[PDB]
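Presented as structure tokens, the chain that follows is alone, the form deposited without the ligand.
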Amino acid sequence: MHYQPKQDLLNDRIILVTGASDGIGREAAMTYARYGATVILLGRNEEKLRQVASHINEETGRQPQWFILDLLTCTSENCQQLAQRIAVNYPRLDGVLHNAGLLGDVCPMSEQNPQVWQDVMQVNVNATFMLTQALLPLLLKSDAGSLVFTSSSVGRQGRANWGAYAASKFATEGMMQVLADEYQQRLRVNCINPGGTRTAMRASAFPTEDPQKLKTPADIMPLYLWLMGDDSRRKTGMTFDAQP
């Protein structure tokens, strides 16, 4: 969207952001905080989470909490324990933004590494599901909870070389649709496709392209904001392109 919201759009909204230590997740966490949100940072790297929390505190005067979770390795019980810890400190979650993900191999199906394939599915699908499941009770405590998954163009139309990532993002669209159906009139559940954005992940899929022509995570934030604020309250079951 060319979306220009009020600077207090997310005042008194508690939003959890995964993959918050770098890339799009870091930018979304900072952006949400700049628009008034109380942000909860999830990531695998403690020192990077502490740094992001410190930066957000410098820009907002409000210090985010962070929690460690590695989606490659976490079990359901790890996710449940995390949700319990969040619930001690927070009365609800108004938003959950799933940004964490693994790209894996960009190469033909005949060459895909099966262990990498399994890991892409584990992070992007299984652990993303398990974390969602653990956080549903907190989301239901919101006046209008918003759950957002990260998708891709290759989650709508499979393309050569995109292997496990494409399969995982199709699965993500499917999971979003199941959830949107189950939580009609209860939650907003949608996907965002960030498109080609300048990130370390883009430096793997396209190791020979000029990153200078790619969009910055900051550039694609309008849609990230829109999905967490009140202007999207009447949208669920949909998948959006942050920049076609």
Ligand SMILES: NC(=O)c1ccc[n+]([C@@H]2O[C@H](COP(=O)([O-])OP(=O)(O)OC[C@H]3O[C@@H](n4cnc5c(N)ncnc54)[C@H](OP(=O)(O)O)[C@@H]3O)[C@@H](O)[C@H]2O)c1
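Numbers for residues come from their place in the sequence shown, where the first is 1.
Although not depicted, the form deposited with the ligand bound is the subject of the following passage.
A.B. asks: Taking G95, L139 and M221 as a possible spot, do all three reach the ligand in the bound PDB entry with a heavy atom inside 4.5 Å?
C.D. replies: Answer is no for this spot.
A.B. asks: Tell me which of 129-137, 104-112, 84-92, 143-151 has residues with heavy atoms within 4.5 angstroms of the ligand in the bound PDB entry?
C.D. replies: Contact-bearing stretch, as computed: 143-151.
A.B. asks: Give a yes or no for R44: in the bound PDB entry, does one of its heavy atoms lie within 4.5 Å of a heavy atom belonging to the ligand?
C.D. replies: Looking in the bound PDB entry, residue contacts with the ligand include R44, since a heavy atom lies within 4.5 Å.
A.B. asks: Taking the ligand as it sits in the bound PDB entry, is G19 in contact with it (heavy atom to heavy atom, 4.5 Å or less)?
C.D. replies: Heavy-atom contact with the ligand at 4.5 Å: present for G19.
A.B. asks: May I ask you to state whether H55 is within 4.5 Å of the ligand in the bound PDB entry, using heavy atom distances?
C.D. replies: Residue-level check for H55: no, no contact with the ligand.
A.B. asks: Hey, in the bound PDB entry, is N190 touching the ligand, heavy atoms inside 4.5 Å?
C.D. replies: No, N190 sits far enough from the ligand in the bound PDB entry that none of its heavy atoms falls within 4.5 Å.
A.B. asks: Heavy atom within 4.5 Å of the ligand in the bound PDB entry: which residues of 199-217 meet that condition, in order?
C.D. replies: Sequence-ordered list: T199, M201, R202.
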